[PDB]
Every structure is written in structure tokens, then in C-alpha cells.
Amino acid sequence: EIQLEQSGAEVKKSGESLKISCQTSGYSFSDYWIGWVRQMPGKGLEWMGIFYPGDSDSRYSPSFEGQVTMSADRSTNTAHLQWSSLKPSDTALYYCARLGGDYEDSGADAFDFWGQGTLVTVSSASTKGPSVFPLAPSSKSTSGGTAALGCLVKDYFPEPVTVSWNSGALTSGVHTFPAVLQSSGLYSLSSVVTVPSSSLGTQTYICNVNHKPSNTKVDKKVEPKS
Amino acid sequence: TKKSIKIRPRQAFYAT
Amino acid sequence: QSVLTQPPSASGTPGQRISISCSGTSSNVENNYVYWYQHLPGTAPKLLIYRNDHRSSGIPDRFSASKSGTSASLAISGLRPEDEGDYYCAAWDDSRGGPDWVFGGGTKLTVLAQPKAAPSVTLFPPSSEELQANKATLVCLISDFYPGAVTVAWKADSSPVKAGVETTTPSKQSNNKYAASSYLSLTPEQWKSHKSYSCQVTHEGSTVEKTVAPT
């Protein structure tokens with residue numbers, strides 16, 4: 001049975017070199033082209049190129065010529081993809097695939113057997129704890145039942161952050177959203193809680209934020225505006 | 001071989 | 001020459017026939033062989049069709065494809081929950097006179113599992129704390145929508161704002177509906193120089209908005 005087994009996930013700093021691998025089984029490694037395919041977060045599959053291990057021939061897609069190097073080790077039946085200087089924009093899932101099909105006696109034309117993918121994450125950011133800002137209750141005497149309030153957890157690295165409200169005493173109505181990753185490399189997230197409009201006259205609201213990589217624990221009171 | 005790449009009928013790149 | 005264009009998304013209910021399209025040029029789809037791939041969460045892309053209309057070994061016969069001039073189409077009859085995921089056309093492109101492989105943009109197929117649900121949208125203005133620190137961030141929080149595709153537009157007074165906008169991909173919540181968030185970063189002078197800003201969220205053809213003002 002044909003299988004291509006790719007190397008494990010990578011987490012790198014921008015500028016660093018990296019070589020990822022795709023080791024093949026169940027067929028003559030020298031005799032088939034291998035392709036590489038990139039998928040950037042939220043985006044589609046993009047062909048990068050093909051490499052022929054039998055004689056080291058290669059063909060790169062225009063966007064990729066000179067930006068990445070394909071190669072192969074015939075002693076181990078492994079194909080490789082290498083960058084000398086990773087950029088944040090190289091953050092993607094990378095697949096290798098055999099070009100095959102065997103529809104005719106000879107030749108190849110379809111990517112038939114695929115590796116499981118290698119995730120590569122590249123950051124230029126450094127460990128950094130967030131700033132926390134109150135997101136105050138908009139309006140303060142409504143006729144529509146409830147009010148939403150929250151905390152903005154701004155500019156931290158790396159993931160994750162944990163957010164609780166009233167030290168976990170407030171769990172109902174809470175929605176902590178997945179972080180946005182900004183082009184700076186820093187993450188921001190928001191947590192919102194829906195509460196009865198009437199309870200702004202009694203109940204104190206404190207979002208508790210912990211970023212463990214920076215050893216950062218912040219307690220922010222969120223109260224209506226003036 | 002399997003080196004040849006056929007993009008359409010009766011055609012091939014890397015033909016031996 | 002070297003692009004395949006597909007619709008970004010399609011949906012249907014279990015048992016429907018649906019069709020995925022792909023527009024090429026004379027460099028690819030018209031004269032060279034076209035392929036179709038399924039891409040499901042947690043698995044590698046899987047060849048469904050090769051050489052224009054040949055179904056791959058082991059793929060069920062509810063999958064079929066055709067090609068007419070610079071257009072190609074993948075049909076799925078008898079749609080199943082299991083079919084939800086991304087579908088790509090691909091072709092050989094000979095614009096540089098060699099074998100270049102091109103994938104289409106991909107169509108995300110949702111097989112409608114539950115009733116449609118409109119997003120809840122909450123918009124917060126910059127805090128006074130953040131303004132005191134000479135920054136300003138608008139936060140637009142979008143939750144509980146299904147299917148899981150939305151478009152977000154911001155406006156300054158009546159005018160489109162493109163720059164300073166960062167929006168997440170939508171992620172599936174505990175309840176199988178989706179959430180997203182959009183942040184608009186401004187200078188405090190920019191925030192206070194406008195009468196208002198809005199976050200406009202479009203889901204299945206309906207737009208809803210929320211507005212904030214410095215006051």
C-alpha cells in the first residue's frame with residue numbers, strides 16, 4: 001500500500017532555517033515525481049513545484065522559484081522542502097504528493113497519494129503579555145432586557161490566554177472569542193458577558209485574564225460610563 | 001518512464 | 001491564462017443534486033486535462049475525477065464531472081452530511097510551455113444540517129483607558145450564525161473603511177453555529193473626527209448593522 005509520511009509540526013522564529021520531510025513507502029521512489037502544495041490559513045491549495053528523485057530534475061511554480069528548495073535523499077526515500085530564512089508569510093500547511101495515476105502503461109498526470117501535511121508556524125514576535133481594557137455597557141436604562149459588556153485583551157504572544165469573570169463565579173452568558181492574529185504577530189481577543197440591565201446598579205463585574213507565557217495575571221473592573 | 005508527464009491526449013513532457 | 005475560478009461557497013440539503021463550477025482559459029481547462037479533489041477536515045486532498053470526466057477508483061458514482069470549452073463542472077447527486085468540505089478543480093497549464101499544475105480557488109460546500117441562523121452582532125467603541133494610551137480599537141463581535149460564512153464591512157460616517165480592519169475566520173462554537181470578530185484600529189484623532197462608525201455584517205443575503213459614535 002502506498003504511503004507518504006511527513007514530518008511533525010514546526011514552530012519557528014522569522015529568519016530561521018527549516019527543512020521538512022516526506023518519506024515514501026510502497027513504490028519505486030526514484031521513478032515518480034513528488035509535488036509540494038501550500039495552504040495558507042483560511043486560503044486554498046497552491047502548487048509549489050515538483051521534483052524527480054531519480055535524477056534531481058525539478059520544476060517550480062513562478063511564485064516559488066528562488067524562495068524555497070526541493071530536494072531528495074535516495075538513501076532514505078525521503079523528499080525535502082527547505083527555506084534558509086522563514087518569513088511570517090510562510091505560515092501554512094504543507095503537503096507532499098506523488099504525481100502518478102498509472103492510467104496508461106507510462107507517464108504520470110495526477111497527484112494520487114498524499115502525505116498527511118506538515119503545519120509550519122513562523123513568527124517575528126516575542127513573548128509579551130496583554131493590555132486589558134474595559135468594554136463598557138452601552139446604554140444604561142434600556143427596554144430590551146439585557147446588556148453586553150466585556151474585556152479587550154490586546155497585543156499578546158504566544159497563545160493561549162484564559163479569561164474568567166468574577167473569578168469563575170460568573171459563568172452564564174460568557175463568550176470568549178477566538179483571537180485575531182494581527183500583522184504585527186501579536187494576538188488580541190475579547191470576552192463578552194450578557195447580564196440583566198437592572199444589575200448594573202448592584203453587581204460588580206471583573207474579568208480575570210491569565211497569560212501564562214508572560215506570567216501575567218490582570219483583574220479589570222468593567223463599569224458603566226460617564 | 002513515469003518521468004513523462006501527459007497533460008493531454010497524445011502529448012508528453014519528458015518523453016524518452 | 002494560469003487561473004481557475006470557482007465560486008467560494010455552495011450549500012444544499014441531504015439528497016439534493018448540486019454542481020460545482022470552475023472557469024479557466026485556453027491555457028488550462030479548454031485543451032488540457034482537468035481533475036477534481038475533495039478536501040475534508042483532518043484529511044489530505046483526495047482525487048475524485050481525473051482526465052476531465054473519469055471517476056477515480058473507489059469514489060462513489062454519485063460524483064461525476066464534465067467540461068465544456070473553458071468551463072468544467074463537478075456534479076454530486078444524493079448529497080450526504082459526509083460531503084461537507086472543500087472541492088477544488090485543477091488542471092495542467094501550458095502558458096510557459098511546460099507542465100504547470102494549477103488549483104482552483106476552492107468551493108466550500110455546506111450540507112445543511114440545521115436551520116439557518118442569523119448572526120448576533122455587538123459593536124464596542126474604544127475605551128477611555130485605551131484612548132488615554134493614545135490608541136483606539138473598535139470591536140465587532142459576531143456569533144451564532146449558520147451556515148458559517150459572513151462578510152464584514154466597516155464605514156466611517158457613510159464611507160467605506162478598508163485600512164485598519166482585521167477579521168478572524170469563522171470558527172464553529174459549542175452549538176455547531178459559528179462565531180467571528182472584526183477589529184478596526186484607528187488613531188484617536190480619527191475616532192473623534194467622525195460622526196460615527198458602523199460594522200455591517202452580511203449573512204445569506206441579509207445585512208445587519210451596529211453603529212457607534214464618540215458623542
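So you know, we letter chains A, B, ... as the sequences are listed, proteins then strands, and number each from 1.
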Heavy-atom pair with the smallest gap, counting every atom of C:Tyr183 and A:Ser188: OH-O, 4.2 Å
Can you tell which of A:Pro62, A:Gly49, A:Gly35 has the highest number of heavy-atom pairs within less than 4.5 Å of chain C? A:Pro62
Pick one of side chain, backbone, both or neither for C:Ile142, based on which atoms fall under 4.5 Å of a heavy atom in chain A. backbone
To the nearest 0.5 Å, how far apart are CD in A:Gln39 and CZ in C:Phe103? 10.0 Å
Contact winner vs chain C - A:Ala110, A:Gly101, A:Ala97, heavy-atom pairs under 4.5 Å: A:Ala110
Part of A:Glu46 lying under 4.5 Å from any heavy atom of chain C: backbone
pair C:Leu141-A:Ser190: side-chain heavy atoms closer than 4.5 Å: yes
Looking at chain C, which one of A:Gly42, A:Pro134, A:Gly44, A:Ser138 has the largest number of heavy-atom pairs inside 4.5 Å, strictly under? A:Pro134
Could you name the residues of residues 127-136 of chain C that have a heavy atom within less than 4.5 Å of a heavy atom in chain A? C:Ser127, C:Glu129, C:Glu130, C:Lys135
Step through the shown structure and confirm whether more than 12 heavy atoms of other residues, nucleotides or ligands are within 6.0 Å of CD on C:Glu189. no
For each of C:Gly105, C:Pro99, C:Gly42, C:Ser181, tally heavy-atom pairs with chain A at distances under 4.5 Å, and name the one with the top tally. C:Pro99
Under 4.5 Å, heavy atom to heavy atom, which residues of residues 170-180 of chain A contact chain C? A:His175, A:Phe177, A:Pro178, A:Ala179, A:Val180
Spacing of CH2 belonging to C:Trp101 relative to CG belonging to A:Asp109, to within rounding of 0.5 Å: 7.5 Å
Can you tell me how far the CG atom of C:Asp100 sits from the CH2 atom of A:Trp47, to the nearest 0.5 Å? 4.5 Å
What residue in A:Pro41, A:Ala148, A:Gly117 has the most heavy-atom pairs under 4.5 Å with chain C? A:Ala148
Looking only at C:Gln173, C:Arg51, C:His39, most heavy-atom pairs under 4.5 Å shared with chain A are made by C:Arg51
To the closest 0.5 Å, what do you measure between CZ (C:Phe124) and CG (A:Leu152)? 10.0 Å
Measuring heavy-atom distances to chain C, does A:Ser131 have an atom under 4.5 Å in its side chain, in its backbone, in both, or in neither? neither
OH (C:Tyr35) and CG (A:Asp112) are apart, to the nearest 0.5 Å, by 11.0 Å
So for A:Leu99, is it side chain, backbone, both, or neither that comes closer than 4.5 Å to the heavy atoms of chain C? side chain
Just by modelled atom types, is the C:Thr43 backbone N or O under 3.5 Å from a matching donor or acceptor in the A:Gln116 side chain? no
A:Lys128, NZ atom: more than 12 neighbouring heavy atoms under 6.0 Å: yes
When you look at CD of C:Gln1, are more than 12 heavy atoms from neighbouring residues, nucleotides or ligands closer to it than 6.0 Å? no
Could you list which of residues 86-98 of chain C have a heavy atom closer than 4.5 Å to any heavy atom of chain A, in residue-number order? C:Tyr88, C:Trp92, C:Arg96, C:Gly98
Name the orientation class of the two ring planes belonging to C:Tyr50 and A:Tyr103 (parallel below 30°, tilted from 30 to 60°, perpendicular beyond 60°). parallel
For chain C, find its close neighbours in residues 217-226 of chain A: heavy-atom separation under 4.5 Å, sorted by number, or none. A:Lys225
